[PDB]
S.K.: 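This is the structure, below, for whatever I ask next.
Reminder, nothing fancy here: chain letters follow the sequence lines and each chain counts from 1.
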Amino acid sequence: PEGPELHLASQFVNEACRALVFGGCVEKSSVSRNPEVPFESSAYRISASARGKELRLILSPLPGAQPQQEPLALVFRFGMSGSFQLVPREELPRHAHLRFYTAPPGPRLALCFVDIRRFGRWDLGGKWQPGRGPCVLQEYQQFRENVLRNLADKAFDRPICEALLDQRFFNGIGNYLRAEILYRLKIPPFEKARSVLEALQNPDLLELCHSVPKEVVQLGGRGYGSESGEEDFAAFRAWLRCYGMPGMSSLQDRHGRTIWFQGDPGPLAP
DNA sequence: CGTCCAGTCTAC
DNA sequence: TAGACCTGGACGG
């Protein structure tokens, strides 16, 4: 998942947990190489926020919840399959690697981090990854400045399609958004990144880095996702103009990732 | 049955 | 850089 999916997953946790109270421990699957969450409360609320391709849960005990516990923050990266679901406690999906359990009164639910391929990670401590740039969705001006002020970096020597995956400058952009953004401006994907960015130093490339992903969020649904039904998933495939679409070209970048585009591949093409 | 395809992370 | 980390669906024989 990319920035829109991290964002929608955060909105899901906030809306679906608004009136839920969790209790007990935070349970990790035995196969998961991620750390155990040292947290226990008779009564805590779960809330979320997204920044780029990371999501932060806050575990907030209620007044007088036992054991005495301070709020705990967990930050998640989703890799290729990460996901959050609210399921009935005894109908855990396969690959539910981390689980928060509702307290009574009510139907016993589990909020689960579900990750088929286990590329996802969480760290104890609530901090965003050092080095990740501002969120293209929620910190646009900070995102735009962090790019324009550092065009000297060797990161911008590379093809624009490669630079757009560097989470130090485009936190929240992944393989589908880089195709959709470049297609909107018909920028050849193997144009040099510094060449296309220097001008800014009729929406430009950095505006689209915000507004294109915002469109996926505004579809509602769960972006490149089905944790909302088939309706929302087909809604997303219909929004796509370029990623995977018939009559589009594709090449491998230097990291073996597929870039979709129309027309001129650009000068630094392999 | 088999191949091929779908975001970091780190050891060369 | 390239291979590693994973599972599963879509396809081909």
Side-chain angles (χ1 to χ4, degrees), chain A residues 1-10 28-35 50-56 74-85 92-98 112-125 127-137 153-155 157-182 189-190 193 209 212-213 216 222-227 230 233-234 236-237 239-240 242-246 248-261 268-270:
Chain A
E2 313 186 19
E5 295 69 39
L6 273 288
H7 186 97
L8 283 162
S10 96
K28 181 182 77 64
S29 77
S30 46
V31 71
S32 175
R33 273 193 201 298
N34 291 306
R51 182 179 179 267
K53 242 176 280 185
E54 302 196 284
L55 174 153
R56 173 148 71 212
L74 293 170
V75 173
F76 291 83
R77 292 178 297 286
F78 283 24
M80 284 288 127
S81 35
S83 170
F84 273 97
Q85 296 180 39
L92 296 195
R94 224 159 134 109
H95 321 295
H97 291 309
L98 201 68
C112 306
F113 177 68
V114 187
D115 184 19
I116 295 155
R117 300 172 68 193
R118 272 189 259 127
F119 295 173
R121 295 286 186 281
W122 60 85
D123 301 295
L124 308 184
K127 293 194 185 164
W128 307 119
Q129 206 164 240
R132 288 170 95 96
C135 177
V136 293
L137 281 167
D153 201 296
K154 293 68 43 186
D157 295 334
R158 302 302 305 143
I160 181 62
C161 72
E162 291 180 26
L164 286 173
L165 291 185
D166 188 330
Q167 300 301 289
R168 283 187 289 142
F169 299 105
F170 298 100
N171 182 21
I173 299 321
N175 205 29
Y176 91 70
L177 287 172
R178 73 167 174 166
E180 296 301 304
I181 286 157
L182 285 173
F190 285 97
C209 284
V212 167
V216 178
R222 290 290 263 91
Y224 207 167
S226 72
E227 320 93 338
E230 254 314 293
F233 185 57
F236 176 78
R237 290 200 64 233
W239 170 85
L240 283 175
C242 183
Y243 181 80
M245 291 283 282
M248 296 300 160
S249 301
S250 62
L251 293 170
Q252 309 300 108
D253 59 20
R254 89 169 139 128
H255 303 295
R257 303 216 66 195
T258 300
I259 177 57
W260 298 86
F261 64 104
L268 305 170

S.K.: Nearest-Å distance, CD (A:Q129) to P (B:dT10)?
M.R.: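 From A:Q129 CD to B:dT10 P: 10 Å.
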S.K.: Using a 4.0 Å heavy-atom cut-off across all strands, classify A:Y243 as base, sugar-phosphate, or nothing.
M.R.: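 It contacts sugar-phosphate atoms only.
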S.K.: To the nearest 0.5 Å, how far apart are CZ in A:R94 and OG in A:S29?
M.R.: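 Here the interatomic distance stands at 12.0 Å.
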S.K.: How is A:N175 classified with respect to the nucleic acid when contacts are heavy atoms under 4.0 Å: base, sugar-phosphate, or nothing?
M.R.: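 Here A:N175 touches the backbone only, sparing every base.
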S.K.: Rounded to whole Å, please give me the gap between CZ in A:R121 and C1' in B:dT8.
M.R.: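 These atoms are roughly 8 Å apart.
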S.K.: Among A:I173, A:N175, A:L177, A:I259, exactly one meets side-chain contact (heavy atoms from CB on, under 4.5 Å) together with A:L164. Which residue is that?
M.R.: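 Filter result, single survivor: A:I173.
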S.K.: Measure from the side-chain N and O atoms of A:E2 to the backbone N and O of A:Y176, and report whether any donor-acceptor pair falls under 3.5 Å.
M.R.: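 Checked: pair present.
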S.K.: Using OP1 and OP2 only, check whether a side-chain N or O of A:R257 sits under 4.0 Å from B:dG7.
M.R.: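 Checking B:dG7 against A:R257, a side-chain N or O does come within under 4.0 Å of OP1 or OP2.
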S.K.: Round to a whole Å and report the spacing from CZ of A:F233 to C1' of C:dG9.
M.R.: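 Result: 12 Å.
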S.K.: Using the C1' atom in both, what is the distance from B:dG7 to C:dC11, to the nearest Å?
M.R.: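 It comes out at 24 Å once rounded to the nearest Å.
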S.K.: Round to a whole Å and report the spacing from CZ of A:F76 to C1' of B:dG7.
M.R.: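 Roughly 17 Å, once rounded to whole Å.
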S.K.: Can you tell me which residue among A:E54, A:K28, A:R56, A:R77 is in a side-chain contact (heavy atoms from CB on, under 4.5 Å) with A:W122?
M.R.: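 It is A:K28; the other options fail the test.
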S.K.: Here's a test for you: under salt bridge (charged side-chain N to carboxylate O under 4.0 Å, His left out), which of A:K154, A:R254, A:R178 qualifies with A:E162?
M.R.: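 Exactly one pass, corresponding to A:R254.
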S.K.: I'd like to check, for A:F119, whether its ring lies over the base of C:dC6 with centroids under 5.5 Å apart and a plane angle smaller than 30°.
M.R.: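 Ring-base stacking flag not set for A:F119 and C:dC6.
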S.K.: Does a nitrogen or oxygen in the side chain of A:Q252 sit under 4.0 Å from OP1 or OP2 of C:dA2?
M.R.: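 For C:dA2, neither OP1 nor OP2 has a side-chain N or O of A:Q252 closer than 4.0 Å.
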S.K.: Is it the case that the base of C:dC6 and the side chain of A:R117 share a donor-acceptor contact (distance under 3.5 Å, atom types as modelled)?
M.R.: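 When only heavy-atom distances are counted, A:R117 does reach the base of C:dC6 through a donor-acceptor pair under 3.5 Å.
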S.K.: Distance between the P atoms of C:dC6 and B:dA11, in whole angstroms?
M.R.: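 It works out to 14 Å between them.
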S.K.: Taking atom P in both B:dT8 and C:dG9, what distance in whole Å separates the two?
M.R.: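 After rounding to an integer number of Å, I get 24 Å for this pair.
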S.K.: Might you work through the side-chain contact (heavy atoms from CB on, under 4.5 Å) test for A:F233 and A:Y224, ending with a clear yes or no?
M.R.: CA-CA 7 Å; A:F233 185 57; A:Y224 207 167; 3.7 Å; yes
S.K.: Tell me whether the rings of A:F76 and A:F113 are parallel (<30°), tilted (30 to 60°) or perpendicular (>60°).
M.R.: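 A:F76 vs A:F113 ring planes: tilted.
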S.K.: Would one find a side-chain N or O of A:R118 under 4.0 angstrom from OP1 or OP2 of C:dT7?
M.R.: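 Yes, such a contact exists.
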S.K.: OP1 or OP2 of B:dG7 less than 4.0 angstrom from a side-chain nitrogen or oxygen of A:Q167, does that happen here?
M.R.: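 Negative; the distance criterion is not met.
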S.K.: Considering only NZ, NE, NH1 and NH2 on the basic side and carboxylate oxygens on the acidic side, decide whether A:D253 and A:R158 come within less than 4.0 Å.
M.R.: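 Result for this pair is no, no salt bridge flagged.
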S.K.: Could you provide the dot-bracket string of DNA chain B, using ( ) for intrastrand pairs, [ ] for crossing pairs and | for bases paired to another strand, with Watson-Crick or G-U pairs below 3.5 Å?
M.R.: ||||||||||..
S.K.: Determine the contact category for A:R33: base if any of its heavy atoms lies under 4.0 Å from a base atom, sugar-phosphate if only primed atoms, P, OP1 or OP2 are that close, otherwise nothing.
M.R.: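 Contact class for A:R33: sugar-phosphate only.
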S.K.: Distance check, P atoms only: C:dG3 and B:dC4, in whole angstrom units.
M.R.: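 It works out to 15 Å between them.
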S.K.: Less than 4.0 angstrom between a side-chain N/O of A:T258 and OP1 or OP2 of B:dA6, yes or no?
M.R.: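 Yes, because at least one side-chain N or O of A:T258 sits under 4.0 Å from OP1 or OP2 of B:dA6.
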S.K.: Side chain of A:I116 only, heavy atoms from C-beta on: which candidate in C:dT7, B:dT8, B:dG7 is closest?
M.R.: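 Comparing C:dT7, B:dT8, B:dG7 against the side chain of A:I116, the answer is C:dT7.
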S.K.: Stacking between C:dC5 and C:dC6, judged by six-membered ring centres under 5.5 Å and planes under 30°?
M.R.: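 No, unstacked.
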S.K.: Would you kindly give the CG-to-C1' distance between A:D166 and B:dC9, to the nearest whole Å?
M.R.: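 To the nearest whole Å, that distance equals 14 Å.
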S.K.: Measure from CG on A:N34 to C1' on C:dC5 and round the result to the nearest Å.
M.R.: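 These atoms are roughly 12 Å apart.
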S.K.: Can you measure A:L240 atom CG to B:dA6 atom P for me and round it to whole angstrom units?
M.R.: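 Taking CG of A:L240 and P of B:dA6, I get 14 Å after rounding.
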S.K.: Whole angstroms only, please: what is the CE-P distance between A:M80 and B:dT8?
M.R.: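 Taking CE of A:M80 and P of B:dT8, I get 7 Å after rounding.
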